[PDB]
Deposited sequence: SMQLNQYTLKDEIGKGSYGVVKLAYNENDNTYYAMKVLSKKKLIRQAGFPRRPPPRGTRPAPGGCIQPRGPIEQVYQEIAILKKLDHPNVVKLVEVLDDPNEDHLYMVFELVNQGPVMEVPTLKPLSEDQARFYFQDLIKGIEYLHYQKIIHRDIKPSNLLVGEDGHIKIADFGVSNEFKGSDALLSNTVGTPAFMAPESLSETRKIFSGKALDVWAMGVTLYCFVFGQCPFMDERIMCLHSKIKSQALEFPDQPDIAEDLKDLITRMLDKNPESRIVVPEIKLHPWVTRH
């Protein structure tokens, strides 16, 4: 182990888009936390080398980690991770973010041969709806919703984690020309060279749909090892359900509406919350 102020850093417990997460014992309150460890110089290099003056690269890449911190400081919800401390010396390269620990870790790593039952998928999906509606109300889009970023706590409820690429918008929605994400979870409107911008909140809904499909089938609905073919399938392949496991028709309807390739007609979170599959047991 190693010592960092009042914390004793132990094994790696996660690795997200940036940095690594360590188990950290706080000697002041005899409690374990999760500590994300980052290198400022490594974050700057991850955005790419800057271009000589003549999809524009941001001028100051280090601003995204400080946006992530500002976003996390704003959020207090039982289905969202809780940032408790930031350790950041301006004369040091490392940055540390301390979170309340969510003991069981990620709910699923896609693909899996052990999907969730329909009733357990509903319980976790109800948690995901609560967390996402709260983020959207706080004018936050997550941009990387997938099962591996949903942590299961001691209480069996999930918390949304990995805000590394999250964005705060002004107004009613985020207006995007391009976006980040895990390709198998990216919405079709984000994968074409077009003149048209798209809604950030509808990207999160599409990713919730791919997540729910993963919860019950253990793999994404559109999949290919060849990136160009994956993008083509997301944009042009009709959604299909495997013959087994057999799932309820109302669940198929909900997933179909979340995975509407047209973001204008795609179901919105206030409607998802009242869908018959979500409100029954």
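- No C-alpha positions are given in the record for the deposited-sequence stretch 55 to 64, the only such gap.
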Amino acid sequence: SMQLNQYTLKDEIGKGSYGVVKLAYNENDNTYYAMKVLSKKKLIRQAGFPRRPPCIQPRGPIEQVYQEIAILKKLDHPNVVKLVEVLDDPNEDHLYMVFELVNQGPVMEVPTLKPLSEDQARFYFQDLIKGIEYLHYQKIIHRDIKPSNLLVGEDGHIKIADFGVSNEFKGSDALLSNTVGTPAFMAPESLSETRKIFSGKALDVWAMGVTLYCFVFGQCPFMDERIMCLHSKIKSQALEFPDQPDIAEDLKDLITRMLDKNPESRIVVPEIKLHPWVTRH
From here on, numbers count along this sequence of modelled residues.
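The term rigid core refers to the maximal set of C-alpha atoms that superpose within 1.5 Å between the two forms.
- Here 62 to 70 and 248 to 256 are scored by the root mean square distance of their C-alpha atoms in 9 other deposited structures of this protein, with each structure fitted by the rigid core; the higher score goes to 62 to 70.
- Between 157 to 165 and 84 to 92, greater CA displacement relative to the shown form is found for 84 to 92 when the structures in 9 other deposited structures of this protein are fitted on the core.
- In at least a third of the other PDB entries of this protein that model the residues around it, residue 45 has no coordinates.
- Figure legend: residue 54 is marked as unmodelled in at least a third of the other comparable entries of the protein.
- The mean C-alpha temperature factor is higher for 83 to 91 when 151 to 159 and 83 to 91 are set side by side.
- The stretch with the higher mean CA B factor, choosing between 207 to 215 and 185 to 193, is 185 to 193.
- Each of 171, 200, 106, 131 has a CA temperature factor in the record; the biggest one is found at 171.
- Among 254, 34, 62, 229, the highest C-alpha B-factor in the deposited entry belongs to 62.
- When the modelled residues of the chain are ordered by C-alpha B-factor, residue 167 sits in the middle third.
- In the PDB entry, residue 1 places in the middle third of its chain by CA B-factor.
- Placement of the Cα temperature factor of residue 110 within the chain: highest third of the modelled residues, per the deposited record.
- When the modelled residues of the chain are ordered by their C-alpha B factor, residue 69 lands in the lowest third.
- Residue 75: CA B factor in the highest third of modelled residues in this chain (values from the PDB entry).
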